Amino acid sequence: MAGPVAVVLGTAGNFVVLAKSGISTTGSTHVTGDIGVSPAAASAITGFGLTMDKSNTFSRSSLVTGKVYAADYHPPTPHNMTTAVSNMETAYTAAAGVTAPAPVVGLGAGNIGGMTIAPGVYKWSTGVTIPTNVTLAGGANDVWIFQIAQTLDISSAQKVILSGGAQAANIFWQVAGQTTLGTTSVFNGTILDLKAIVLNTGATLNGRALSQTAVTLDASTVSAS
């Protein structure tokens, strides 16, 4: 009802971590959902201790509640991963291209720390920083699309707070540079990144990390919403 139309993820929506060049973990990581890489092979998934299913279509990890997929697994996984990664590229470009309603440009000159942000399209030609908690306030069906030309950072122990009914499933962060989630930060939404998504020690992501390069997790928590 308020803000832009929600970004369509297609089968990229079936993953909580999706990458083209790799996924790496160290420490006490815990992922709730499915993860996958393509066109990289399973060797580009590191630190997860993968065990192939007898089908050879997926693997299981002690750090993943769901399934692990990779481009070198048995049919139909290669085709399904090609479709997911194409759907991720489509979503990235769709999100970057949203024009309506009229975007707010350069909010906070890139520093949105301490703000309360209504449903809408927000665009920066700069990077964005979150040095102190930011609140996204709106209803259960309201949408936020963030369009970021450079880096996205949230500082150590800061959060994206949701209020009013705001749901992580309706919050899209389109980022052309690296996204870094600082130590012990709490982040909400689907990250559509052209470059790396890096979760520093003990960071939490409620939503999805959808990278066209690599995702790194350091004792981090990733969970679908």
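Residue indices: 1-based, along the sequence shown.
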item	value
Stretch exceeding the other in mean C-alpha B-factor - 119-127, 75-83	75-83
Top residue by Cα temperature factor, when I197, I171, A40, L192 are compared in the entry	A40
Third assignment of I145 from its chain's C-alpha B-factors	lowest
For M88, the third of its chain into which the C-alpha B factor falls	lowest
Third of the chain's Cα B-factor distribution that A219 belongs to, per the entry	lowest
CA B-factor ranking of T46, expressed as a third of its chain	middle
Cα B factor band for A166 (lowest, middle or highest third within the chain)	highest
